[PDB]
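Chains as they are written, first to last, in our numbering: chain A, 43 to 95; chain B, 190 to 400.
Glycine residues also receive a C-beta, built at the ideal position from the N, C-alpha and C atoms.
Read the structure below first, then the notes.
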């Protein structure tokens with residue numbers, strides 16, 4: 043994601059006075075993706091024994 | 190009206206006016222009353238045009254409570270400063286305001302708290318010049334300029350020079366108490382007569398290159 047951030051300020055008027063100017067400054071932000079995992083395993087005898095209950 | 194003599198030619202220009210076109214730099218400012226200086230002013234004078242001015246401080250706060258709004262970027266100046274800020278010019282900007290006696294009277298000074306334009310660079314600028322040695326002096330094309338400070342000691346100010354007058358001098362004969370303006374040249378010829386205290390000849394306005 044990005045940002046804009048404008049800038050600038052004014053002065054009093056004059057015929058031969060210099061000219062003030064404005065600008066801006068953009069920035070960016072980042073986030074990180076995290077992954078997880080989980081598994082399982084069943085045996086033949088334990089599966090049959092657990093079915094008794 | 191008021192013309193009692195007829196001369197063979199027009200004057201090249203008036204003090205505080207641009208006489209040539211080229212690179213230039215200017216900034217606005219607000220004039221501070223000379224009485225506001227703390228160590229007091231040894232040299233005094235009005236806010237006459239075509240006189241040097243010095244930086245005094247920043248007045249951009251614009252507020253009274255705990256938070257303040259920085260609305261603009263403004264500078265505040267005094268008639269004589271150690272730090273050089275510019276030379277008041279362009280008289281067409283301001284208003285006459287008359288005088289104390291009656292309006293429609295010729296005046297050439299600005300009141301305290303008023304705005305102005307000050308020049309740091311100018312290819313050609315007409316300003317009035319002064320003699321700081323109380324003797325006859327011929328400047329010639331290439332010279333240097335200096336301005337009187339307020340903190341100039343009276344011992345170095347035997348002549349009653351004003352607060353911010355401009356003084357011309359040779360390359361190696363600068364007066365003791367003045368402040369030099371770097372990279373400033375007269376770029377014109379002029380001669381000044383003998384001078385004395387109380388009978389200060391105002392000199393003659395002359396072209397001058399600020400930077």
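Exercise. At what residues does the alpha helix (DSSP H) containing residue 317 of chain B begin and finish?
Worked result: It is not in any alpha helix (DSSP H) - residue 317 of chain B instead sits in the beta strand (DSSP E) that spans 304-317.
For this session: Return no unless some Cβ of chain A is closer than 8 Å to the Cβ of residue 304 of chain B.
Result: Residue-level contact by beta carbon holds for residue 304 of chain B and chain A, with a gap shorter than 8 Å.
Problem set entry | residue 377 of chain B beta carbon less than 8 Å from that of residue 396 of chain B | Judged by beta-carbon spacing, residue 377 of chain B lies within the 8 Å limit of residue 396 of chain B, meaning their Cβ atoms are closer than that value.
For this session: Helix, strand or coil for residue 210 of chain B, going by three-state DSSP, please let me know.
Result: Correct three-state label for residue 210 of chain B: strand.
For this session: Look at residue 241 of chain B and residue 56 of chain A and say whether their C-beta atoms are less than 8 Å apart.
Result: No; because the gap between Cβ atoms is not below 8 Å, this pair is not in contact.
Exercise. So which residues of chain A does residue 213 of chain B contact, with C-beta pairs closer than 7 Å?
Worked result: Under the 7 Å cutoff, chain A gives 58.
Exercise. Considering residue 394 of chain B, what are the terminal residues of the beta strand (DSSP E) in which it resides?
Worked result: Note, residue 394 of chain B: beta strand (DSSP E), 394-397.
For this session: From the DSSP output, read off the bridge partner residues of residue 220 of chain B.
Result: DSSP lists B/266 as partners of residue 220 of chain B.
Problem set entry | In DSSP terms, what residue 247 of chain B is bridged to | In the DSSP secondary-structure assignment, residue 247 of chain B is bridged to B/264.
For this session: Using a Cβ-Cβ cut-off of less than 7 Å, list which residues of the segment 207-231 of chain B approach chain A; keep chain order.
Result: Listed in sequence order: 213, 214, 215, 216 and 217.
For this session: Use the C-beta contact count for residue 63 of chain A: other C-beta atoms within 10 angstroms, 16 or more gives buried, fewer gives exposed.
Result: With fewer than 16 other beta carbons inside 10 angstroms of its own, residue 63 of chain A counts as exposed.
Problem set entry | Counted within 10 angstroms of its Cβ, other Cβ atoms place residue 308 of chain B as buried (16 or more) or exposed | Result: buried.
Exercise. Beta carbon of residue 54 of chain A, beta carbon of residue 263 of chain B: below 8 Å?
Worked result: Yes, Cβ-Cβ distance for residue 54 of chain A and residue 263 of chain B is below 8 Å.
For this session: Indicate whether the contact test is met: 3 or more Cβ pairs, each with one atom in the segment 249-261 of chain B and one in the segment 219-231 of chain B, closer than 8 Å.
Result: No contact exists between the segment 249-261 of chain B and the segment 219-231 of chain B.
Problem set entry | CA nearest to the CA of residue 251 of chain B, picked from B/200, B/244, B/245 and B/261 | Per the Cα distances, B/261.
Problem set entry | Cβ neighbours of residue 293 of chain B in the same chain (closer than 7 Å, five flanking residues each side left out) | Counting only Cβ-Cβ distances below 7 Å, and skipping sequence neighbours, we find 287.
Exercise. Looking at the C-beta of residue 262 of chain B, does it have a partner C-beta in chain A at a distance below 8 Å?
Worked result: Taking Cβ atoms only, chain A reaches closer than 8 Å to residue 262 of chain B, which makes this a yes.
Problem set entry | Span of the beta strand (DSSP E) around residue 321 of chain B | That residue, residue 321 of chain B, is in no beta strand (DSSP E); it is neither H nor E in DSSP.
Exercise. So what does DSSP say about residue 92 of chain A, is it helix, strand or coil?
Worked result: In the structure shown, residue 92 of chain A sits in a helix (DSSP, three-state: H, G or I).
For this session: List the residues that DSSP assigns as beta-bridge partners of residue 274 of chain B.
Result: Looking at the DSSP output, residue 274 of chain B bridges to nothing.
Exercise. In chain B, which residues lie with their C-beta within 8 Å of the C-beta of residue 52 of chain A?
Worked result: Those are 260, 261 and 262, listed as they occur along chain B.
Exercise. Between the C-alpha atoms of residue 359 of chain B and residue 326 of chain B, what's the straight-line distance to the nearest angstrom?
Worked result: If you take the alpha carbons of residue 359 of chain B and residue 326 of chain B, they lie about 9 Å apart.
Problem set entry | Run of the beta strand (DSSP E) containing residue 357 of chain B, from where it starts to where it stops | Start and end: 355-358.
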